[PDB]
There are 4 protein chains.
Amino acid sequence: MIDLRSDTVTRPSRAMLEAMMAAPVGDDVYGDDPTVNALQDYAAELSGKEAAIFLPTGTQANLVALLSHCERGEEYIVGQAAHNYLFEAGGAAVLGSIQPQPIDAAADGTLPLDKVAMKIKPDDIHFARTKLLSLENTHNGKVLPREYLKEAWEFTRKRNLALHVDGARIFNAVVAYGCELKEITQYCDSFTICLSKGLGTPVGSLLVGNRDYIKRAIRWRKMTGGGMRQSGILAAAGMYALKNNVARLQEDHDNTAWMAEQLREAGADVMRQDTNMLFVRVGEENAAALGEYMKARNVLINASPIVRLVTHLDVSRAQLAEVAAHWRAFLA
Amino acid sequence: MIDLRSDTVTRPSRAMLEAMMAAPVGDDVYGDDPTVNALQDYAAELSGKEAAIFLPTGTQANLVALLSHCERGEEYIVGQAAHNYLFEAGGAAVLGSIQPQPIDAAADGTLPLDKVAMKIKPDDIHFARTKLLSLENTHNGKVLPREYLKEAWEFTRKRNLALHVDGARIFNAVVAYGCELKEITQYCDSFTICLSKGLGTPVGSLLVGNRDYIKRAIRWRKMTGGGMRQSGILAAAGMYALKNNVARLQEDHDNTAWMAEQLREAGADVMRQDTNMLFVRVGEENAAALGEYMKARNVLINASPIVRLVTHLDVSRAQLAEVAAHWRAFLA
Amino acid sequence: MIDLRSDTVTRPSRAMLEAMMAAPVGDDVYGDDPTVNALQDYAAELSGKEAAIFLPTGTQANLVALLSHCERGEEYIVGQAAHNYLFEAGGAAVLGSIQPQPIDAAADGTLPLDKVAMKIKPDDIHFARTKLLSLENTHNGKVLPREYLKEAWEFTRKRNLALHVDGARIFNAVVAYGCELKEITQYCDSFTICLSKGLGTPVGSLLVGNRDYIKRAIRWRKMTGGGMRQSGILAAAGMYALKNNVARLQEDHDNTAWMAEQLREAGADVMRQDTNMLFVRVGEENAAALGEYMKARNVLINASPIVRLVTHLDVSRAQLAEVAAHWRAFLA
Amino acid sequence: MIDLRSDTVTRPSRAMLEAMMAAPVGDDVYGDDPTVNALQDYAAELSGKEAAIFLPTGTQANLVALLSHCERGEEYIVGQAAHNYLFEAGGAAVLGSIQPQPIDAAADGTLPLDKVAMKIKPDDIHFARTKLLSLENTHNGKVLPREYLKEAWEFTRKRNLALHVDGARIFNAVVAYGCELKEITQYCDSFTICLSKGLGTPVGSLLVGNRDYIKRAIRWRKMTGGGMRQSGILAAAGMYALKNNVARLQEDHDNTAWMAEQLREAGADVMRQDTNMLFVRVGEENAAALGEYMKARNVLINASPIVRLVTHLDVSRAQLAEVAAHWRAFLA
Ligand SMILES: *Cc1c(COP(=O)(O)O)cnc(C)c1O
Ligand SMILES: *Cc1c(COP(=O)(O)O)cnc(C)c1O
Ligand SMILES: *Cc1c(COP(=O)(O)O)cnc(C)c1O
Ligand SMILES: *Cc1c(COP(=O)(O)O)cnc(C)c1O
Ligand SMILES: [Mg+2]
Ligand SMILES: [Mg+2]
Ligand SMILES: [Mg+2]
Ligand SMILES: [Mg+2]
Ligand SMILES: [Mg+2]
Ligand SMILES: [Mg+2]
């Protein structure tokens, strides 16, 4: 079927499945899984960091990432629309006892440093203790300006703040940048990697940072429930994906801007196109209707005034042609 | 000694102390303290609410209120500069496992209902569960419009959201409206009352609401550590304060409005003036230099590029006239 | 390789892997994964419960269960040596703001109802609010008496307390009782099921209960980070495991009971033997020395003055006979 | 009236009241209260510690004491029947995110060190991180053996554990010991002092420890709501009590063992007598009945199978004679 709801719907490729069934495993609680360790070391090395850790979800990757950075009473400055603030049921505050300090991101997706500075609280018993600055490289598809990344890292060091990046779709950014992962990963103390979305993995996310940081991450992961056993089978896929599915992300990107043009031709009001994501202003009076129309044509989208269409390896251009045709028919 | 730093410096008048030293007391934990109970029933009756609870501080009155309103994982929309979000060291999140959703307040001190609406979370496992809208009347002196208070009240009912008002200086707004307290508390499910501010009490606050709500608040006040014993001694100052110090707040207002013209007609840059508060932009170069010049003449003002002068019952106009002069002498 | 450390080392059989590699999957967050849903409905139906939820680990199945049962400030009575109190880094309190009330378990593994009763808190603001009684069937191998399970069930209803059972090895007790799973799950409101232990799955657990309870558990599983995507691949091993690996647990039991006689009739001090678990008091002087002697011959046993040997599908009797010999050779 | 429910019902003496109305005050949030500072320095000096802090309640003193000692995920070993575990609505876990590890106290009221050692968790991700050992000198009236205090302190230093003592009635212990406060205070890193119970204060408790510890206590107190303003009026009483009400505690003690004898003569089954507390095994079938009988004779006690009678300065021996007579009449 044609699914444009999220790149999270990506299913295992033939090659990936065999890599998995082939991978050697062990008990990762003891650290005896060759594959988990191999994936963790690859990411670490690939990003220029000391150590990495495998978690069940990107949600748990960020929760653990936040608990690891901030103690009870500390606070993190994040985007009002960032994932580890808005889309993680408020875990950091509810579970971690961390005060969140959200601020609106700028149009390009960055967090205005002048605003971040204004939110750093003085060492007064009145306020929470600002500790972390969280970013999200690839925010609703937008790739942060490389210069800004350098600026934030520099900014944080000057203010003694830790810097963490939600790299759910960090490889989309990499491919869009045209550089290596380590070249953007140098500007953050820690960052996450989701294997389950664009890279085509069934389950999996990674938190990468220095040795000590990750050791604290290990205690938190166990507590939050991520301490799995024979994760080797899952990690195997993650290794295969990092060595065979990063480059093709460019194919998704061209499909996004290709589709963006088709919908423009058809008459749909396209709001913007960034990486594997495009947004259309469908409208309130056409939301649910378009949903059904499509859903009928075996096309799955998230019905809404502003529909977010996401691309991935399980959607071809030909299939996009179909949806662009079905859409054109909708509007006229 | 001339303290324009805050209205929190007000000291007990001899009549207040006597009222305290001659009050009958009992074990409040056992609910055997006459004066405490008397103070509560009086606040409840005067505001149209069923019950009331006395607490050590407003900070605790709000932490308790927030805990009594939101279960673990629940959320409260508030102002980025509001007290129960910014000035209570993130208590609601750190201790109460409550997710805070702060937004910028409009110029007049209100939380734009349109902005508030966009922040109400869809009922999806993705988000925290929006449950409370917490206001602040008298917000840095600013008196919230009355039509907004009625509109927020209606908005929250149609959204099934509770409405709480941090009334640390509610009586200041009350005198400014020229109405009864009941006429504004009718637009909220719960509100607080600090007696230790302009009303001149040594310490103590009140949280008022529905009988069942307050019953829960009693469990939280205990856990947080506010369940005192013979606190009727303190509650006594409260009654005395509520029966004699409400009307004279108009005197503080006139003085602030007075000082404003004097400082203005003296070379000072008066940004704005609301109730017992005045704001003068002094700037870097003269900030710290101003604090010292004053500190010497016994005039205490929180130095800063933008100084906040707070009038209260312990600062006379004559004394203000003096400071004024001392400020017109600062420029030369 | 001979791992008697835990039954958590069980590795996937080729038939299990195939079942996993050929399973249809979908986005579980969207509830679109056939196998995951299939696995849940099967566990629910087989236990007499309305709903079921798949999780990354048992540790998370219990944290979620506890959170779904107790609101902030609520409490759960448990065993001092129980898993959701002792071996999950205090998660219920640290992350869930739940007060734990642990008590020593009787010799047979049960929590003495008389002791439990004394621990139920009076409804007074002095105490936490007792709400759950959490058991553990198979408790270090010990099979809880059936009359106690029925008695705890009745006790909790007459006290209006929920009853949860940590069933990490529930099927081990089940085979030992010689009854159906439904006949014991009928005595609890919720229970867990680990598939990654004796049942031989690579990872995964289940929490089962009433439809409304489980709906809440879904919100908590997300927040804690267990809301995976195409997890049907994992859920597949679970179904395969539940349809083929339950009965053969009797083989582990016989082997443990077998090894016990061998080690006993060899000079070893066998304290006790329950289901797939055996305990031998080795003592200080021979503890670490034993671990090394074994470690060399590839036999892995958690060294300690009191060694805990765990049998499972990946350790044959023939292999046990070998270890045995290697142990009778340790004394000389 | 005659109140034997608790020494918390103690009311202000003429001398105390005048000391209060006389005391000079200020804003303690800024630290400008002469009296609060004077009380804090007196306690500190009197106990041989660096600094002290004034809180509204003993409950908040312990909560703050626990938050100050243990970070999120750390754990404290305390008595199953200790106040900061059982009688503080579980604040440490609910609010502080601290895992509690309670164990039964021995008959003399101490925590068997052999048990404490058994509960210290290894540095493994399975367990919470043992950090603090909490004691309660004067536990239900029992005075801990001095030798044991020395032992626990020594024990904790050897194990790198912090030691805290709930000194709600620490002065009862002092008077019973016959030594100075500093001689028992040397065996703890921190300890609390309740001014509101036996010492005859209306409100008030103190936490005493080293400079850094108390500084952390200050941030926590503010967050939990204890940061009061003109606390001078309350502190004044606390100073008067520490200089005029410690010695007479002996009068309460003799009244307790005097009354214990009278009740024995009358026929009541006295369980034990320690300091200002005695326990009678009234029985279930006579609980409520005795309550009314007494309550009628204007005598207030906590009705129960085992009645706890507490002495204090507001109950004279003559009044005890009355109650012992009313009791005798009850039984015969
Ligand atoms: C989806 C997502 C996450 C979390 O991953 P889940 O698999 O949904 O838990 C974190 N950050 C971003 C930016 C995401 O898009
Ligand atoms: C001062 C104040 C509080 C709380 O008072 P504390 O005594 O500092 O705890 C709450 N809200 C507002 C708006 C205040 O100005
Ligand atoms: C192993 C186990 C758990 C949880 O399993 P993890 O995979 O370690 O999270 C829960 N309860 C018992 C009794 C166990 O033995
Ligand atoms: C009463 C008491 C406390 C707490 O004091 P409150 O005034 O009740 O908050 C702490 N410890 C002991 C041993 C007590 O008896
Ligand atoms: Mg996928
Ligand atoms: Mg919390
Ligand atoms: Mg005051
Ligand atoms: Mg396994
Ligand atoms: Mg008292
Ligand atoms: Mg907590």
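Any value given below was found using the heavy atoms of this structure, including those in side chains, with hydrogens, waters and symmetry copies removed. Proteins come first, then strands; the chains are lettered A, B, ... in the order of their sequence lines, and each starts at number 1.
Using a 4.5 Å cut-off between heavy atoms, D:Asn302 touches chain B through its side chain atoms alone. Using a 4.5 Å cut-off between heavy atoms, B:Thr201 touches chain D through its backbone atoms (N, CA, C, O) alone. Interface remark: D:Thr10 contributes backbone atoms only to the contact with chain B (heavy atom separation under 4.5 Å).
Interface remark: of the candidates D:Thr224, D:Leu55, D:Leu67, D:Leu95, D:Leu95 forms the most heavy-atom pairs closer than 4.5 Å to chain B. Between chain D and the options B:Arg11, B:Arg219, B:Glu18, B:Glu88, the largest number of non-hydrogen pairs under 4.5 Å is found for B:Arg11. Among D:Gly96, D:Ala89, D:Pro202, the residue with the largest count of heavy-atom pairs under 4.5 Å with chain B is D:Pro202.
Residues B:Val29 and D:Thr8 fail the side-chain proximity criterion, which asks for heavy atoms closer than 4.5 Å. By the 4.5 Å heavy-atom criterion applied to side chains, D:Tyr30 and B:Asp3 are not counted as neighbours.
Electrostatic pairing of D:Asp32 and B:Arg5 counts as a salt bridge here, judged by a charged N lying under 4.0 Å from a carboxylate O.
Taking OG of B:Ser6 as the reference point, atom CG of D:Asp27 lies at 7.0 Å (rounded to 0.5 Å). Atom CZ of B:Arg14 and atom CE of D:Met21 lie 6.0 Å apart (nearest 0.5 Å).
At a heavy-atom cut-off of under 4.5 Å, chain B is reached by D:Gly227, D:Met228, D:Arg229, D:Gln230, D:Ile233, D:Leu234 from residues 227-242 of chain D, listed in order of number. Residues of residues 56-66 of chain D that come closer than 4.5 Å to chain B, counting heavy atoms only, are D:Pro56, D:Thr57, D:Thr59, D:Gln60, D:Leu63, ordered by residue number.
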